[PDB]
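Coordinates from protein_26.cif are shown below (mmCIF, C-alpha atoms; chains and numbers go by the auth columns).
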```cif
data_structure
#
loop_
_atom_site.group_PDB
_atom_site.id
_atom_site.type_symbol
_atom_site.label_atom_id
_atom_site.label_comp_id
_atom_site.label_asym_id
_atom_site.label_seq_id
_atom_site.Cartn_x
_atom_site.Cartn_y
_atom_site.Cartn_z
_atom_site.B_iso_or_equiv
_atom_site.auth_seq_id
_atom_site.auth_asym_id
ATOM 1 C CA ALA A 1 17.580 16.714 -1.991 0.00 1 S
ATOM 2 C CA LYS A 2 18.225 12.979 -1.768 0.00 2 S
ATOM 3 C CA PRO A 3 17.324 9.719 -3.488 0.00 3 S
ATOM 4 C CA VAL A 4 14.767 7.317 -2.112 0.00 4 S
ATOM 5 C CA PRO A 5 16.287 4.482 -0.057 0.00 5 S
ATOM 6 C CA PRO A 6 16.367 1.112 -1.843 0.00 6 S
ATOM 7 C CA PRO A 7 13.590 -1.360 -0.967 0.00 7 S
ATOM 8 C CA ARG A 8 14.249 -3.067 2.379 0.00 8 S
ATOM 9 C CA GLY A 9 14.601 -6.760 3.208 0.00 9 S
ATOM 10 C CA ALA A 10 12.996 -6.362 6.636 0.00 10 S
ATOM 11 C CA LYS A 11 15.817 -8.094 8.489 0.00 11 S
ATOM 12 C CA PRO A 12 18.345 -7.508 11.244 0.00 12 S
ATOM 13 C CA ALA A 13 21.972 -6.782 10.562 0.00 13 S
ATOM 14 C CA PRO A 14 24.100 -9.923 10.747 0.00 14 S
ATOM 15 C CA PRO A 15 26.194 -10.129 13.915 0.00 15 S
ATOM 16 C CA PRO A 16 29.804 -9.042 13.589 0.00 16 S
ATOM 17 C CA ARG A 17 31.968 -11.676 11.935 0.00 17 S
ATOM 18 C CA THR A 18 34.869 -9.728 13.439 0.00 18 S
ATOM 19 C CA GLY B 1 40.972 -3.306 7.822 0.00 1 V
ATOM 20 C CA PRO B 2 37.417 -3.260 9.230 0.00 2 V
ATOM 21 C CA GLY B 3 36.003 -2.153 5.889 0.00 3 V
ATOM 22 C CA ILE B 4 35.905 0.810 3.570 0.00 4 V
ATOM 23 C CA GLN B 5 35.183 4.375 4.561 0.00 5 V
ATOM 24 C CA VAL B 6 32.272 6.116 2.951 0.00 6 V
ATOM 25 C CA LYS B 7 30.837 9.571 3.369 0.00 7 V
ATOM 26 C CA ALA B 8 27.128 10.055 3.785 0.00 8 V
ATOM 27 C CA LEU B 9 25.937 12.237 0.943 0.00 9 V
ATOM 28 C CA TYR B 10 22.575 12.843 2.624 0.00 10 V
ATOM 29 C CA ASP B 11 20.921 12.687 6.011 0.00 11 V
ATOM 30 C CA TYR B 12 19.155 9.450 6.751 0.00 12 V
ATOM 31 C CA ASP B 13 16.918 8.716 9.734 0.00 13 V
ATOM 32 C CA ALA B 14 16.558 5.039 10.545 0.00 14 V
ATOM 33 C CA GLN B 15 13.073 3.743 9.699 0.00 15 V
ATOM 34 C CA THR B 16 13.273 0.041 10.527 0.00 16 V
ATOM 35 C CA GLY B 17 15.149 -2.406 12.700 0.00 17 V
ATOM 36 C CA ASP B 18 18.908 -2.124 12.768 0.00 18 V
ATOM 37 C CA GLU B 19 19.261 0.760 10.354 0.00 19 V
ATOM 38 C CA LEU B 20 21.747 3.488 11.110 0.00 20 V
ATOM 39 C CA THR B 21 20.815 7.098 11.437 0.00 21 V
ATOM 40 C CA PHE B 22 23.356 9.481 10.027 0.00 22 V
ATOM 41 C CA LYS B 23 23.872 12.938 8.669 0.00 23 V
ATOM 42 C CA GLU B 24 25.401 14.238 5.500 0.00 24 V
ATOM 43 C CA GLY B 25 29.139 14.335 6.067 0.00 25 V
ATOM 44 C CA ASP B 26 29.224 11.370 8.447 0.00 26 V
ATOM 45 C CA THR B 27 31.958 8.899 7.785 0.00 27 V
ATOM 46 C CA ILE B 28 30.599 5.377 7.904 0.00 28 V
ATOM 47 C CA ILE B 29 32.584 2.177 7.906 0.00 29 V
ATOM 48 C CA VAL B 30 31.083 -0.274 5.464 0.00 30 V
ATOM 49 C CA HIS B 31 31.806 -3.778 6.668 0.00 31 V
ATOM 50 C CA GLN B 32 29.974 -5.518 3.834 0.00 32 V
ATOM 51 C CA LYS B 33 28.454 -4.399 0.557 0.00 33 V
ATOM 52 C CA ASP B 34 25.580 -6.833 0.857 0.00 34 V
ATOM 53 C CA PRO B 35 23.294 -7.444 -2.073 0.00 35 V
ATOM 54 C CA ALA B 36 19.885 -5.830 -1.857 0.00 36 V
ATOM 55 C CA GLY B 37 20.747 -2.133 -1.492 0.00 37 V
ATOM 56 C CA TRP B 38 21.527 -2.028 2.213 0.00 38 V
ATOM 57 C CA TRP B 39 25.060 -2.392 3.401 0.00 39 V
ATOM 58 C CA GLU B 40 26.348 -3.437 6.773 0.00 40 V
ATOM 59 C CA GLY B 41 27.805 -0.261 8.180 0.00 41 V
ATOM 60 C CA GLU B 42 29.015 1.143 11.433 0.00 42 V
ATOM 61 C CA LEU B 43 28.783 4.627 12.876 0.00 43 V
ATOM 62 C CA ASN B 44 29.033 6.069 16.396 0.00 44 V
ATOM 63 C CA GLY B 45 29.156 2.715 18.163 0.00 45 V
ATOM 64 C CA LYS B 46 26.232 1.182 16.264 0.00 46 V
ATOM 65 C CA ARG B 47 26.317 -1.453 13.596 0.00 47 V
ATOM 66 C CA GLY B 48 23.440 -1.530 11.182 0.00 48 V
ATOM 67 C CA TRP B 49 22.144 -1.178 7.688 0.00 49 V
ATOM 68 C CA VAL B 50 23.040 1.800 5.514 0.00 50 V
ATOM 69 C CA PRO B 51 21.262 2.525 2.235 0.00 51 V
ATOM 70 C CA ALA B 52 23.990 2.062 -0.353 0.00 52 V
ATOM 71 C CA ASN B 53 22.845 4.921 -2.557 0.00 53 V
ATOM 72 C CA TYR B 54 23.340 7.368 0.312 0.00 54 V
ATOM 73 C CA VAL B 55 27.073 7.011 0.561 0.00 55 V
ATOM 74 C CA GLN B 56 30.131 7.757 -1.529 0.00 56 V
ATOM 75 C CA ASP B 57 33.347 5.789 -1.183 0.00 57 V
ATOM 76 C CA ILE B 58 36.106 8.126 0.022 0.00 58 V
ATOM 77 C CA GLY C 1 20.508 -36.553 15.968 0.00 1 H
ATOM 78 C CA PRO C 2 22.696 -34.341 13.745 0.00 2 H
ATOM 79 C CA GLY C 3 21.500 -31.161 15.432 0.00 3 H
ATOM 80 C CA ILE C 4 18.461 -28.983 15.846 0.00 4 H
ATOM 81 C CA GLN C 5 16.278 -27.810 13.001 0.00 5 H
ATOM 82 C CA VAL C 6 15.835 -24.087 12.574 0.00 6 H
ATOM 83 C CA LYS C 7 13.930 -22.068 10.037 0.00 7 H
ATOM 84 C CA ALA C 8 15.501 -19.110 8.288 0.00 8 H
ATOM 85 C CA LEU C 9 13.451 -16.028 9.107 0.00 9 H
ATOM 86 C CA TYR C 10 15.109 -13.942 6.387 0.00 10 H
ATOM 87 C CA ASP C 11 17.107 -14.339 3.213 0.00 11 H
ATOM 88 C CA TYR C 12 20.811 -14.242 3.694 0.00 12 H
ATOM 89 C CA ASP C 13 23.405 -14.113 0.934 0.00 13 H
ATOM 90 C CA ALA C 14 26.828 -15.321 2.034 0.00 14 H
ATOM 91 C CA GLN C 15 29.291 -12.429 2.274 0.00 15 H
ATOM 92 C CA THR C 16 32.441 -14.195 3.406 0.00 16 H
ATOM 93 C CA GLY C 17 34.092 -17.588 3.408 0.00 17 H
ATOM 94 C CA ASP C 18 32.059 -20.535 4.547 0.00 18 H
ATOM 95 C CA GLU C 19 28.818 -18.717 5.182 0.00 19 H
ATOM 96 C CA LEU C 20 25.655 -20.380 3.977 0.00 20 H
ATOM 97 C CA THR C 21 23.348 -18.672 1.591 0.00 21 H
ATOM 98 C CA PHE C 22 19.733 -19.312 2.353 0.00 22 H
ATOM 99 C CA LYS C 23 16.271 -18.014 1.862 0.00 23 H
ATOM 100 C CA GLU C 24 13.484 -17.279 4.241 0.00 24 H
ATOM 101 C CA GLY C 25 11.774 -20.581 4.923 0.00 25 H
ATOM 102 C CA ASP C 26 14.839 -22.768 4.510 0.00 26 H
ATOM 103 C CA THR C 27 15.247 -25.427 7.140 0.00 27 H
ATOM 104 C CA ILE C 28 18.811 -25.430 8.381 0.00 28 H
ATOM 105 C CA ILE C 29 20.354 -28.037 10.617 0.00 29 H
ATOM 106 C CA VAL C 30 22.297 -26.314 13.354 0.00 30 H
ATOM 107 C CA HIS C 31 25.129 -28.573 14.355 0.00 31 H
ATOM 108 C CA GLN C 32 26.543 -26.159 16.942 0.00 32 H
ATOM 109 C CA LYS C 33 25.392 -22.922 18.539 0.00 33 H
ATOM 110 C CA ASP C 34 28.876 -21.437 18.612 0.00 34 H
ATOM 111 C CA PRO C 35 29.572 -18.268 20.546 0.00 35 H
ATOM 112 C CA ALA C 36 30.041 -15.103 18.498 0.00 36 H
ATOM 113 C CA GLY C 37 26.720 -14.885 16.636 0.00 37 H
ATOM 114 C CA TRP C 38 27.421 -17.357 13.847 0.00 38 H
ATOM 115 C CA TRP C 39 26.367 -20.961 14.190 0.00 39 H
ATOM 116 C CA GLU C 40 27.569 -24.050 12.394 0.00 40 H
ATOM 117 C CA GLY C 41 24.733 -24.989 10.111 0.00 41 H
ATOM 118 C CA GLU C 42 24.055 -27.194 7.175 0.00 42 H
ATOM 119 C CA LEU C 43 21.816 -26.680 4.189 0.00 43 H
ATOM 120 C CA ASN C 44 21.633 -28.222 0.712 0.00 44 H
ATOM 121 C CA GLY C 45 24.832 -30.229 1.033 0.00 45 H
ATOM 122 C CA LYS C 46 26.912 -27.345 2.418 0.00 46 H
ATOM 123 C CA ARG C 47 28.116 -26.846 5.952 0.00 47 H
ATOM 124 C CA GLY C 48 28.851 -23.296 6.933 0.00 48 H
ATOM 125 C CA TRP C 49 28.141 -20.372 9.190 0.00 49 H
ATOM 126 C CA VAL C 50 24.651 -19.068 9.710 0.00 50 H
ATOM 127 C CA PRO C 51 23.923 -15.783 11.471 0.00 51 H
ATOM 128 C CA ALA C 52 22.157 -16.845 14.645 0.00 52 H
ATOM 129 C CA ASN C 53 19.734 -13.935 14.610 0.00 53 H
ATOM 130 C CA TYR C 54 18.419 -15.056 11.230 0.00 54 H
ATOM 131 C CA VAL C 55 16.940 -18.341 12.387 0.00 55 H
ATOM 132 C CA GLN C 56 14.205 -19.593 14.670 0.00 56 H
ATOM 133 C CA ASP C 57 14.261 -22.962 16.419 0.00 57 H
ATOM 134 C CA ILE C 58 11.434 -25.163 15.123 0.00 58 H
#
```
Would you encode the structure as structure tokens?
Amino acid sequence: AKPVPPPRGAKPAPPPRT
Amino acid sequence: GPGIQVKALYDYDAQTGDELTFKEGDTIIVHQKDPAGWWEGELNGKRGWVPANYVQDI
Amino acid sequence: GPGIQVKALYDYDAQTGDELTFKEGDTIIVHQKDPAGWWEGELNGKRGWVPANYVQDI
């Protein structure tokens, strides 16, 4: 019982800024 | 601090690069609420994307 | 010259101060490949940080 994930951007997570 | 705390409302198993896997009840730190539906989160020593509709700010 | 040319592999929307916003296909001049995952880039008359994993040297 969950919503569908939003459409993806096909990209890596940005590196930590912190 | 490092970001806001959210609770996973549902289980999610990572499908693509750099997504987090989590379970309902996990507390995730959201570092950024990026546009496009996927937020930069952190859980269990991994940083990665979290689907924004899966989490509730706590 | 002013630095190396890189191509943005993905869209990125600036989340914090002094980050560049860019789209996949943008050519960014990388002035410095700073340690810590964010490089000093320039695009469209703005200098700012670019996430290093978002660009490919061309």
May I have the residues at most 7 Å from (16.5, -4.0, 9.4) in the file's coordinates, counting only C-alpha atoms, as an mmCIF file with C-alpha atoms, keeping the file's coordinate frame?
```
data_model
loop_
_atom_site.group_PDB
_atom_site.id
_atom_site.type_symbol
_atom_site.label_atom_id
_atom_site.label_comp_id
_atom_site.auth_asym_id
_atom_site.auth_seq_id
_atom_site.Cartn_x
_atom_site.Cartn_y
_atom_site.Cartn_z
ATOM 1 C CA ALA S 10 12.996 -6.362 6.636
ATOM 2 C CA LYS S 11 15.817 -8.094 8.489
ATOM 3 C CA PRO S 12 18.345 -7.508 11.244
ATOM 4 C CA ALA S 13 21.972 -6.782 10.562
ATOM 5 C CA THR V 16 13.273 0.041 10.527
ATOM 6 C CA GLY V 17 15.149 -2.406 12.700
ATOM 7 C CA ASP V 18 18.908 -2.124 12.768
ATOM 8 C CA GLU V 19 19.261 0.760 10.354
ATOM 9 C CA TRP V 49 22.144 -1.178 7.688
#
```
Q.
Contacts from chain V to chain H, 10 Å maximum, all atoms listed in the file: show me the residue list as a list in words.
A.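 For chain V, the answer reads residues 32, 33, 34, 35 and 36 of chain V.
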Q: Provide as a count of residues only the residues of chain H at most 10 Å from chain S, counting only C-alpha atoms.
A: 14
**Q.** Atomic separation - CA of residue 22 in chain V relative to CA of residue 57 in chain V, Å
**A.**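 Rounded to one decimal, the two atoms are 15.5 Å apart.
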Q) Do you know which residues the PyMOL selection byres ((chain H and resi 30) around 10) returns on this file, as a list in words? A)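 Expected selection for the PyMOL selection byres ((chain H and resi 30) around 10) here is residues 2, 3, 4, 5, 6, 7, 27, 28, 29, 31, 32, 33, 34, 39, 40, 41, 42, 43, 47, 48, 49, 50, 52, 55 and 57 of chain H.
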(Q) Would you compute the distance between CA of residue 46 in chain V and CA of residue 8 in chain H? Give it in Å to one decimal. (A) 24.3 Å
Q) In Å to one decimal, how far is CA of residue 56 in chain V from CA of residue 21 in chain V? A)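 Result for CA of residue 21 in chain V versus CA of residue 56 in chain V: 16.0 Å, one decimal.
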